[PDB]
Amino acid sequence: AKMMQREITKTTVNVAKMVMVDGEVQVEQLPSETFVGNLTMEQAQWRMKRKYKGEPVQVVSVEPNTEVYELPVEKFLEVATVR
């Protein structure tokens with residue numbers, strides 16, 4: 001009767017990087033990145049390989065979270081254009 005809806009889904013991708021520290025290979029903790037849609041582990045790793053060409057970047061986890069932005073229909077008529 002009164003409610004509308006609009007869904008936004010984003011996947012938070014946690015990444016890590018091999019780096020040289022004092023002549024040893026160690027793991028840099030990278031800031032997590034967020035993308036639009038629901039990405040699997042394989043999808044995210046493909047994106048990371050696209051974004052960081054040749055870099056030793058590992059996707060370590062993917063976390064999808066979906067938000068449902070809703071507005072009363074009455075609220076929408078106030079701002080929408082008749083078109």
# chains A, B, ... in the order shown; residues from 1 in each chain; ligands from 1

$ residues_around --residues "range 37-46 of chain A" --least-positions-apart "4" --cutoff "12 Å" --atoms "only C-alpha atoms" --output "compact mmCIF listing (two decimals) with N, CA and C atoms, in the first residue's frame"
# COMPACT_ATOMS: atom_id res chain seq x y z
N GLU A 7 16.89 -2.20 -4.13
CA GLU A 7 17.94 -3.02 -3.54
C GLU A 7 19.30 -2.65 -4.12
N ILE A 8 20.29 -2.49 -3.24
CA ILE A 8 21.68 -2.30 -3.62
C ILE A 8 22.49 -3.42 -2.98
N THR A 9 23.21 -4.18 -3.79
CA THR A 9 24.05 -5.27 -3.31
C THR A 9 25.51 -4.95 -3.60
N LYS A 10 26.36 -5.08 -2.58
CA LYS A 10 27.78 -4.83 -2.70
C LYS A 10 28.55 -5.97 -2.04
N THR A 11 29.72 -6.28 -2.60
CA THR A 11 30.60 -7.31 -2.05
C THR A 11 31.87 -6.65 -1.55
N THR A 12 32.17 -6.85 -0.27
CA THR A 12 33.42 -6.39 0.32
C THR A 12 34.49 -7.46 0.09
N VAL A 13 35.57 -7.08 -0.58
CA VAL A 13 36.64 -8.01 -0.96
C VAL A 13 37.85 -7.71 -0.10
N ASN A 14 38.26 -8.69 0.71
CA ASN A 14 39.47 -8.57 1.51
C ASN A 14 40.64 -9.14 0.73
N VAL A 15 41.74 -8.38 0.69
CA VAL A 15 42.89 -8.74 -0.12
C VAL A 15 44.16 -8.69 0.72
N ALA A 16 45.19 -9.36 0.21
CA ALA A 16 46.51 -9.40 0.82
C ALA A 16 47.54 -9.42 -0.30
N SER A 32 40.52 -3.41 2.49
CA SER A 32 39.48 -4.13 1.76
C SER A 32 38.85 -3.22 0.72
N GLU A 33 38.38 -3.82 -0.37
CA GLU A 33 37.74 -3.10 -1.45
C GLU A 33 36.30 -3.58 -1.62
N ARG A 50 42.77 -8.34 -12.80
CA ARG A 50 42.57 -7.24 -13.75
C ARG A 50 43.16 -5.94 -13.22
N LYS A 51 42.81 -5.59 -11.98
CA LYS A 51 43.16 -4.28 -11.44
C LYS A 51 44.66 -4.14 -11.20
N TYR A 52 45.29 -5.17 -10.64
CA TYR A 52 46.69 -5.13 -10.24
C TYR A 52 47.46 -6.13 -11.11
N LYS A 53 47.87 -5.67 -12.29
CA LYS A 53 48.44 -6.56 -13.30
C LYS A 53 49.79 -7.10 -12.83
N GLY A 54 49.86 -8.42 -12.64
CA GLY A 54 51.09 -9.07 -12.25
C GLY A 54 51.41 -9.02 -10.77
N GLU A 55 50.71 -8.21 -10.00
CA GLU A 55 51.01 -8.08 -8.58
C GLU A 55 50.59 -9.34 -7.82
N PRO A 56 51.34 -9.75 -6.80
CA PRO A 56 50.98 -10.92 -5.99
C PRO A 56 49.86 -10.63 -4.99
N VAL A 57 48.68 -10.29 -5.50
CA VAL A 57 47.53 -9.95 -4.67
C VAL A 57 46.62 -11.16 -4.53
N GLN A 58 46.30 -11.53 -3.29
CA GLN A 58 45.38 -12.62 -3.01
C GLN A 58 44.07 -12.08 -2.47
N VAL A 59 42.96 -12.54 -3.03
CA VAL A 59 41.66 -12.39 -2.39
C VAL A 59 41.61 -13.41 -1.27
N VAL A 60 41.34 -12.95 -0.05
CA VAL A 60 41.29 -13.85 1.09
C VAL A 60 39.88 -14.12 1.58
N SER A 61 38.89 -13.30 1.22
CA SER A 61 37.51 -13.50 1.64
C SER A 61 36.62 -12.53 0.88
N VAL A 62 35.38 -12.95 0.64
CA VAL A 62 34.36 -12.12 0.02
C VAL A 62 33.13 -12.12 0.92
N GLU A 63 32.55 -10.94 1.14
CA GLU A 63 31.41 -10.78 2.03
C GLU A 63 30.34 -9.95 1.35
N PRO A 64 29.31 -10.58 0.79
CA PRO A 64 28.20 -9.80 0.21
C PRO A 64 27.23 -9.33 1.27
N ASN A 65 26.75 -8.10 1.11
CA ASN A 65 25.74 -7.53 1.99
C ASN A 65 24.77 -6.71 1.15
N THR A 66 23.48 -6.94 1.33
CA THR A 66 22.44 -6.32 0.52
C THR A 66 21.62 -5.35 1.36
N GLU A 67 21.49 -4.12 0.88
CA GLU A 67 20.69 -3.10 1.52
C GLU A 67 19.42 -2.86 0.70

$ select_by_dssp --residues "chain A" --states "strand (DSSP E)" --output "ChimeraX atom specification"
/A:7-21,24-29,33-36,57-68

$ closest_residue --among "A:71, A:82, A:21, A:77" --to "residue 3 in chain A" --atoms "only C-alpha atoms"
A:71

$ atom_distance --atom1 "CA of residue 49 in chain A" --atom2 "CA of residue 34 in chain A"
15.2 Å

$ atom_distance --atom1 "CA of residue 47 in chain A" --atom2 "CA of residue 24 in chain A"
27.3 Å

$ residues_around --residues "residue 73 in chain A" --least-positions-apart "6" --cutoff "9 Å" --atoms "only C-alpha atoms" --output "VMD selection string"
chain A and resid 1 to 4
